[PDB]
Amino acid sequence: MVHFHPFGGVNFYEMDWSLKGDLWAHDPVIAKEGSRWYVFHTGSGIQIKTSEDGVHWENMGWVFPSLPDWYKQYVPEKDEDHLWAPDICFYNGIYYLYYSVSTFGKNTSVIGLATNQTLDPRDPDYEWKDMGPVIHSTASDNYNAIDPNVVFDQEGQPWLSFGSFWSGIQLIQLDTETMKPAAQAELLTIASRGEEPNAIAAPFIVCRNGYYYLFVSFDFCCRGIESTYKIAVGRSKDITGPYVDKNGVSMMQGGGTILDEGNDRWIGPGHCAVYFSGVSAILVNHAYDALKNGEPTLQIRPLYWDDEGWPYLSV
């Protein structure tokens, strides 16, 4: 359905989603090129996994063997190589991979962009090119420049949403030829718990049947079995909002309908992505494995939509 997140002839609803293989993942996204599937997720130099069928996964290296020097202009206290929360989209033959450079609990952060002609390392044209910073935050800003997501609207215009804590979820128009915001582009805040510490993060926007759906993660990641992350959603007819949940509550005031808050087995599901193929759709996220000391684990499940258009997972 979605040209910039294409999955080909796959039908997500008629597939076994009992995942196997190397499933350690935190903040995943997924892309498909030809018959090959790829996961990008948080880790050293942006970790990659690949699959033939979307179900059996195996590790596939990383994007950056060495971090670009320019990171230190934005995040000088960072002294490890872990890059956070990548986002992948495909436009006019180029793969655009956004990602976050940050340190935990601070908003000295920057979102970068890498591009490639192909996702397939066997291709002679495979090369992740460092296309530099996209947007950043300093301790003087009231937002945190991590957790990117790109969506192209109805008119074909690209937009970037991002954010984690501080004032919450931000939105800014991208220019098509740069895939970066204009220097004077307005930064809009589109979702917030409305109170401290403002535990909202990991935005992902999709368009379906005349509405934009803003998926976010509430509460606290990164605590293993003690994590409290949950996936929430609201919607808006216009991409700039207002985003409102099932109950009429604005997502700027803590609104958000809970899609998954986990259970005793899979704790703290969160940092999600939503993809379509034909009439089918999937939710992708990580969750913390209660039987493997909280190890973050890739989840992929079919995502359904009810008569009013709201998403739901099956039992």
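Sequential numbering from 1, following the sequence displayed.
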(Q) I need to verify one thing: averaged over C-alpha atoms only, is the B-factor higher for 152 to 160 or for 102 to 110? (A) 152 to 160
Q) 68 to 76 versus 126 to 134: which one carries the higher mean Cα B factor per the record? A) 68 to 76
Q | Highest-ranked of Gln170, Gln117, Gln173, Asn92 once sorted by CA temperature factor in the record | A | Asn92
Q: Going by the recorded CA B-factors, say which third of the chain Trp57 sits in, lowest, middle or highest.
A: highest
Q | Within-chain third of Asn285 by Cα B-factor, per the entry | A | lowest
Q: Consider only the C-alpha atoms of the modelled residues in this chain, order them by B-factor as the entry records it, and name the third containing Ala185: lowest, middle or highest.
A: middle
**Q.** Modelled-residue ranking by C-alpha temperature factor, third containing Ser217
**A.** lowest
Q.
Splitting the chain's C-alpha B-factors into thirds, which one does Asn144 fall into?
A. lowest
